[PDB]
There are 2 protein chains.
Amino acid sequence: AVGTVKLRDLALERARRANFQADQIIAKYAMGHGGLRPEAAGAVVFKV
Amino acid sequence: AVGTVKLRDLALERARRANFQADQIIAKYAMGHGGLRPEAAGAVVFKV
């Protein structure tokens, strides 16, 4: 297809902080995207 | 020739920190040391 590699998937956490007296909802998902198999890939462009 | 006072000894604990999203581990202790009855001590060293 094209590069997709996922570790930890998609997740989050609700954390509490003291000094500010408040909540922090934090979502993070680790991944990366390369590319491969140019054989099946191409593109169009208009210019001369 | 030397004592060590001991109060509350040593400990270890684990902690979560959301700011850098990194989790930390901390260990600690407290106590003093010092010379007493210098009568019984001394050393052996090279001359010059």
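Residues numbered from 1 in each chain as written, not as in the entry; some residues may be left out. Chains lettered and ligands numbered in written order. Part of a larger assembly, values for the part shown. Heavy atoms only, no water.

Its PDB record attributes the structure to cryo-EM, giving the resolution as 3.6 Å.

Asks: Whenever I open this one, the pattern of salt bridges confuses me. Can you help?
Replies: As a working rule, side chains carrying opposite charge can pair if their charged atoms are close by. Residues and elements named next belong to chain A. By the definition in use, this model includes four salt bridges over all chains. Note that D23 and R16 form a salt bridge whose closest N and O atoms lie 3.3 Å from each other. Judged by relative accessible area, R16 falls into the exposed class, the value being 57%. Between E39 and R37 there is a salt bridge, with its nearest N and O atoms 2.9 Å apart. Looking at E39, the relative accessible area reads 63%, which means it is exposed. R37 sits in the partly exposed class, given a relative accessible area of 45%. (Salt bridge = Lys/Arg side-chain N within 4 Å of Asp/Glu carboxyl O. Buried < 20%, exposed > 50% of the residue type's maximum accessible area, 1.4 Å probe, protein only.)

Asks: Honestly, the interface of chain A and chain B in this entry has me stumped. Any pointers?
Replies: By convention, interface size is frequently given as the accessible area that disappears when the constituent parts associate. Contacts between chain A and chain B engage five residues on the former and four residues on the latter. Counting every contact that joins chain A to chain B gives zero salt bridges. Among the elements of the structure, strand 1 (5-17) and strand 2 (22-32) of chain A are those that each provide at least two residues to the side of chain A that touches chain B. Here the element with the most residues in the side of chain A that touches chain B is strand 1 of chain A; it accounts for three residues. Across the side of chain A that touches chain B, the residue classes tally to two nonpolar, one polar and two charged. (Contact = heavy atoms within 4.5 Å. Helix = DSSP H or I, 4+ residues; strand = E, 2+ residues; numbered from the N terminus. Nonpolar A, V, L, I, M, F, W, Y, C, P; charged D, E, K, R; others polar.)

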